[PDB]
Amino acid sequence: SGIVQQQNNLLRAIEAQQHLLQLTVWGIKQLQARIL
Amino acid sequence: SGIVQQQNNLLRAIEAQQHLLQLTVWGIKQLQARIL
Amino acid sequence: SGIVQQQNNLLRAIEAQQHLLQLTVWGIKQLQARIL
Amino acid sequence: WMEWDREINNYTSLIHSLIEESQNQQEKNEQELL
Amino acid sequence: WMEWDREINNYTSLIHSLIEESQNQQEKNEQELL
Amino acid sequence: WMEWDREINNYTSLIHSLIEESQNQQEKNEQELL
């Protein structure tokens with residue numbers, strides 16, 4: 001159970017990081033549009 | 001098995017995100033070279 | 001054990017990536033401060 | 001920059017599929033535990 | 001850009017909590033194995 | 001920016017090692033299941 005529980009915690013961590021990844025890409029494209 | 005299976009799915013997700021991380025760093029260094 | 005072991009390896013990978021995520025955000029805000 | 005764009009979408013699509021596959025296996029694994 | 005800032009801190013706080021929760025479950029799961 | 005560079009490579013090297021270690025444990029764990 002603790003393993004299935006930990007897996008859920010890891011998956012949620014990856015999904016959270018994925019949002020962060022999208023936000024940094026949005027930041028990069030915004031800055032690139034004005035500097036390219 | 002489902003746990004080992006899920007672990008594979010998580011690991012592949014992390015590796016995919018790692019590529020994304022590298023791409024954003026490449027974007028940042030490119031923009032930094034021209035703005036520094 | 002190998003599963004608990006793999007979970008540790010995944011968690012450390014996510015934490016490492018989180019540092020990378022913070023560093024790219026720092027890079028983005030730095031470049032944004034000078035281009036906004 | 002166009003290659004970076006395609007590589008950014010390519011990996012984003014693989015990550016979406018893996019996050020979704022994992023979401024499903026999470027439900028299945030929780031079911032199998034019960 | 002202010003929304004991006006808040007969204008960046010919002011997800012960073014959720015990731016900190018999940019990394020910390022996982023850190024604890026890692027210790028508990030290692031204990032249960034022994 | 002030079003510190004950021006070193007910190008970026010430092011974490012990239014730790015992530016490579018952990019992705020590789022995980023890749024190996026994935027094969028070992030799949031073997032142990034069979």
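Chain letters run A, B, ... following the sequence lines, proteins first and then strands; every chain starts at 1.
To the nearest 0.5 Å, atom CD of residue B:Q6 and atom CG of residue D:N24 are 9.5 Å apart. Distance OG/A:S1 to CG/D:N29: 12.5 Å, rounded to 0.5 Å. Note that CH2 of F:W4 and CD1 of F:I8 are 4.5 Å apart. Values are rounded to the nearest 0.5 Å. Put simply, CD on C:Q17 and CG on B:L20 are 9.5 Å apart, with the number rounded to the nearest 0.5 Å. Atoms CD1 and OG, on C:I14 and E:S22 in that order, are 6.5 Å from each other to the nearest 0.5 Å. Between A:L23 atom CG and E:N10 atom CG the span is 9.5 Å, to the nearest 0.5 Å.
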Evaluate the criterion side chain to side chain contact (heavy atoms under 4.5 Å, CB included) for residue pair A:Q5 and D:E30; output intermediate values, then yes/no. CA-CA 9 Å; A:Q5 235 310 98; D:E30 295 178 3; over 6 Å; no
For B:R12 and B:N9, what are the C-alpha separation, side-chain angles and deciding distance, and is it a side chain to side chain donor-acceptor pair (under 3.5 Å)? CA-CA 5 Å; B:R12 278 189 287 143; B:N9 297 315; 2.8 Å; yes
Please determine whether side chain to side chain donor-acceptor pair (under 3.5 Å) holds for the pair F:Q25 and B:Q7, giving the CA-CA distance in whole Å, both sets of side-chain angles, and the decisive distance to 0.1 Å. CA-CA 10 Å; F:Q25 194 63 78; B:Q7 273 178 340; over 6 Å; no
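Between F:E27 and F:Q23, the shortest heavy-atom distance links the atoms OE1-O, 2.9 Å.
Put simply, the side chain of F:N9 gets close to the backbone of F:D5: a donor and an acceptor are under 3.5 Å apart. Counting only distance, with no hydrogens or angles, the side chain of C:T24 and the backbone of C:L21 share a donor-acceptor pair below 3.5 Å. Within the 3.5 Å criterion, the main-chain N or O of C:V4 finds a donor-acceptor partner in the side chain of E:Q26.
The ring pair (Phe, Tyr, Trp, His ring centres under 6.0 Å) search around F:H16 returns none, not counting sequence neighbours. The side-chain hydrogen bond (donor to acceptor under 3.5 Å, both in side chains) check on E:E7 picks up nothing, with sequence neighbours excluded.
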Let me have the donor-acceptor pairs involving side chains of residues 26-36 of chain B, under 3.5 Å, with sequence neighbours excluded, atom names and distances please.
none

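Using a 4.5 Å heavy-atom cutoff, the side chains of F:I15 and C:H19 are not in contact.
Taking hydrophobic clusters as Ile, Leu, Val, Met, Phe, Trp and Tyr residues chained together by side-chain heavy-atom distances below 4.5 Å, B:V25 shares a cluster with F:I19. B:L10 is not connected to B:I3 by any chain of hydrophobic side-chain contacts under 4.5 Å among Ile, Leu, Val, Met, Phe, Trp and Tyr, and they are in different clusters.
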